[PDB]
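To keep things clear, I will list the structure first and then write my remarks on it.
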Amino acid sequence: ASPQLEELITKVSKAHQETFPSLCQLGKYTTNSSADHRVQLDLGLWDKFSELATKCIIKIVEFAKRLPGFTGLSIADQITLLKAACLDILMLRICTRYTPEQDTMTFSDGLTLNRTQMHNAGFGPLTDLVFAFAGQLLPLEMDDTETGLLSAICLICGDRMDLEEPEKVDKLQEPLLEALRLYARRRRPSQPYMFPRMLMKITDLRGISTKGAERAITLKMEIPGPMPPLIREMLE
Ligand SMILES: CCCCCCCCCCCCO[C@H]1O[C@H](CO)[C@@H](O[C@H]2O[C@H](CO)[C@@H](O)[C@H](O)[C@H]2O)[C@H](O)[C@H]1O
Ligand SMILES: CC1(C)CCC(C)(C)c2cc(C(=O)c3ccc4cc(C(=O)O)ccc4c3)ccc21
């Protein structure tokens with residue numbers, strides 16, 4: 001149907017893959033830090049978790065700038081969209097790295113934490129709800145292209161508060177929505193509820209990112225200094 005749409009799919013897929021390695025491509029390793037009992041916070045796991053979060057924020061920015069038209073938005077709007085969506089995309093990303101058989105999540109350096117360690121690294125009381133979100137992503141069996149498109153749709157959203165040109169953002173989102181439906185239906189024609197199910201996960205993701213911002217407030221009181229500067233940028 002449209003060469004332009006096919007190219008958009010290819011571009012978004014490549015941008016995702018090049019900013020987010022697949023679980024299969026990573027050499028996993030583990031830590032024995034606070035591995036068998038939940039505690040309020042393990043500072044060694046927090047330091048590594050938060051370092052890895054900073055690095056992924058920079059990768060999400062890199063991803064965003066590869067999305068067609070994103071750099072043609074005002075710099076203010078680019079920053080507003082990134083602030084509004086980066087926690088959503090972080091959470092989607094980590095949940096895509098869930099290995100159910102071991103109940104672990106894997107970071108982009110290969111660090112593989114069990115559920116107790118994810119709790120102890122900072123998720124705290126939000127841990128099991130995030131793992132349940134990850135578990136309910138599994139039946140969708142999304143591929144990397146679908147994850148990348150969904151991430152783009154989450155980011156390029158015209159409803160965000162304080163956008164200067166929300167209509168322009170909406171027009172950038174339209175082909176991404178078209179692209180995801182076309183791709184998802186082509187890939188699995190006998191599962192036509194996959195596209196609407198994927199879109200409704202954006203709503204679920206917003207709920208868990210809202211809870212994540214609430215957790216950031218209590219976590220701040222548990223750690224001995226401020227959070228890393230790019231995390232604070234995301235949270236404001
Ligand atoms: C969500 C809240 C964030 C809102 C937006 C604010 C974040 C702004 C990010 C702009 C980052 C500028 O990026 C600039 O320095 C980064 C860190 O040294 C470099 O980042 C480079 O190194 C990283 C390793 O540290 C790699 O993972 C990046 O892929 C690589 O490009 C950039 O190549 C350079 O262009
Ligand atoms: C705001 C703050 C600090 C506190 C509150 C909670 C615990 C909800 C939180 C969670 C995350 C988070 O889900 C995350 C972290 C690292 C990640 C690293 C990678 C990666 O290596 O590819 C991918 C996804 C990631 C996703 C980030 C920050 C925060």
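Values below: every heavy atom of this structure, side chains too, minus hydrogens, waters and symmetry copies. By convention here, the first residue in the shown sequence is residue 1. Whatever order the structure lists ligands and atoms in, that order sets their numbers, starting from 1.
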If we count only non-hydrogen protein atoms and require a distance under 4.0 Å, does atom 6 (C) of ligand 2 qualify as touching the protein?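 No, no protein heavy atom sits under 4.0 Å from atom 6 (C) of ligand 2.
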From atom 1 (C) of ligand 1, is the closest protein heavy-atom distance below 4.0 Å?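 Yes, there is a protein heavy atom closer to it than 4.0 Å.
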Please confirm whether the ring centroid of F131 lies under 6.0 Å from the ring centroid of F123.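 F131 vs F123: aromatic centres not under 6.0 Å.
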Step-by-step salt bridge (charged side-chain N to carboxylate O under 4.0 Å, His left out) determination, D159 to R206: CA-CA 13 Å; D159 100 311; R206 284 200 183 181; 3.2 Å; yes
Is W46 in polar range of ligand 2, meaning some N or O pair under 3.5 Å apart?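 No: no nitrogen or oxygen of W46 is under 3.5 Å from one in ligand 2.
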Of all the atoms in ligand 2, which lie at a distance below 4.0 Å from a heavy atom belonging to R97?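 Numbered from 1, ligand 2 contributes 22 (O).
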Under 4.0 Å from any heavy atom of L82, which atoms of ligand 1 are there?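 Under 4.0 Å from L82, ligand 1 has these atoms: 1 (C).
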Option of least heavy-atom distance to atom 29 (O) of ligand 1 (set: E18, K59, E236, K55):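 Looking at heavy atoms only, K59 sits closest to atom 29 (O) of ligand 1.
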Look at atom 7 (C) of ligand 1 and find which of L230, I231, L235 reaches it with the closest heavy atom.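 Among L230, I231, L235, the closest heavy atom to atom 7 (C) of ligand 1 belongs to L230.
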Could you tell me whether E222 and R215 have a side-chain N and a carboxylate O separated by less than 4.0 Å?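 Between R215 and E222 there is a salt bridge, with a charged N closer than 4.0 Å to a carboxylate O.
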Ionic contact status for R187 with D143, cut-off 4.0 Å: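 Salt bridge between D143 and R187, a charged N being under 4.0 Å from a carboxylate O: yes.
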Min heavy-atom dist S50 to ligand 2 below 4.0 Å: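 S50 does not count as a contact of ligand 2 under the 4.0 Å cut-off.
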Any heavy atom of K59 closer to ligand 2 than 4.0 angstrom?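 Not so, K59 does not reach ligand 2.
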